[PDB]
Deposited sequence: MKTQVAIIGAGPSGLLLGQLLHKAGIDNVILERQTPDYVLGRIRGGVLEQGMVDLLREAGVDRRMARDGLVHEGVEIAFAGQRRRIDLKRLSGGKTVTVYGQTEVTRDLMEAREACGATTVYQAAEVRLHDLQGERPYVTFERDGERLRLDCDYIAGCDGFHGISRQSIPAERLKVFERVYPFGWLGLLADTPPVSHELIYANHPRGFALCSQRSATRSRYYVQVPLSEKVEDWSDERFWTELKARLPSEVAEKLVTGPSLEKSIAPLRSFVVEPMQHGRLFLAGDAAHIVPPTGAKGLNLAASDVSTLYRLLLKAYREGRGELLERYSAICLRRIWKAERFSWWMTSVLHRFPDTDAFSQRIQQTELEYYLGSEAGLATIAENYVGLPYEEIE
């Protein structure tokens, strides 16, 4: 098999890169380890910055202006709830709520409608000859070892993908912080308790209220790492959730059986550079932010945007070396999103063995940022997403 760009991973990153490359007449084949249904079973997040919404349209999808709303942000702490006027504070921008499952299903449909190639259940993917002019990928599909020749490989295979693991260790510098807690998330077929995303810092720990539609909700509470999802019945989750929200919010919460429940570990992770020879990492394969800041998929989007654009230029100009700037460009946006996601996480969660001083400083941090126009502006401008870097 042969193509121009071999894409590893049919998650949002790989599917979006695939659409953009196709639109620009660049052949690509995507190889995905799991089944289509398995990929679609991932719930993940629901907040998109405007950079992403336009890119989706530009990629030939987003024809579902419905099933997809705009919402504001609220932070509850120490007995109060402060709404962040995103629109007024950020120069007219806002975020869109849209489940990652729907985004992914939307891109899967846009690819299928193009007849483009996607190989699901591609096992044992291995990358080869990254420094050569003819790199290739080997994999197994129902018993047979297949091979895919290409000019470039985009590793869009997530945190535990094979592509970051195919770059010689010594070429990479790794930055990582692993948080001492995870997010127990619950998807429910109930109307959301607010039309505002609600982040809550509470003595018992963090909680978050979000939504997917008028009758579908998404909630999270932080939990320690020794906790197992089977130890948390739906009822136990709802009780802990209420115990962490302002009673005004809590009394009006409609509960119901979970449609999906899982615990996600939190971590900040970055590699530099994010490429090696003909391989370019994008999204979670190259970096991870804790979901507190809702930046993951949005960063994946801009990585994909830059990659798409630098590839297009290289072909058009018959010059690969332009591709050398990919890492530097992406990294500038990555680090800002890492700082904001780290900040949000650090001010909103309860950490183990925090002394009195630390606890008060965290409280004062919230008071100042939620009570000062300048403070509020730093939050809103970062949350709606900073400017799409220059690229090229």
item	value
Missing CA stretches, deposited numbering from 1, N-terminus first	68-69
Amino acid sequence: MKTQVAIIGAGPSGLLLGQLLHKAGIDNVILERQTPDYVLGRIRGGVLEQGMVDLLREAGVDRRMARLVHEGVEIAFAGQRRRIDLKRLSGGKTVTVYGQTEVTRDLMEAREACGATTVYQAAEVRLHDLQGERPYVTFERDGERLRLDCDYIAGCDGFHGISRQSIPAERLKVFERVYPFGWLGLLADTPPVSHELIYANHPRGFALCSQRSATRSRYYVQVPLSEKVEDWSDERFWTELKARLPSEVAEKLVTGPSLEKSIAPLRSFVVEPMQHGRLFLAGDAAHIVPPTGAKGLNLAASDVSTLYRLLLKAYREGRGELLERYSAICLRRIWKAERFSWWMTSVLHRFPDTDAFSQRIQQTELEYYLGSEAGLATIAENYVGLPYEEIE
From here on, numbers count along this sequence of modelled residues.
property: Average Cα temperature factor in the PDB entry - higher stretch of 231-239, 117-125; result: 231-239
property: Higher-B stretch (mean Cα B-factor, as the entry records it), 248-256 or 205-213; result: 248-256
property: Which of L279, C156, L322, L187 ranks first by CA B-factor in the deposited coordinates; result: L322
property: Among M344, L331, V61, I43 - the residue whose C-alpha B-factor is largest in the record; result: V61
property: Relative C-alpha B-factor of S327, binned into the chain's lowest, middle or highest third; result: middle
property: Position of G371 among the chain's modelled residues by C-alpha B-factor, lowest, middle or highest third; result: highest
property: B-factor third for the C-alpha atom of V47 within its chain; result: middle
property: Modelled-residue ranking by C-alpha temperature factor, third containing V5; result: lowest
property: Ranked against its chain, the third holding the CA B-factor of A380; result: lowest
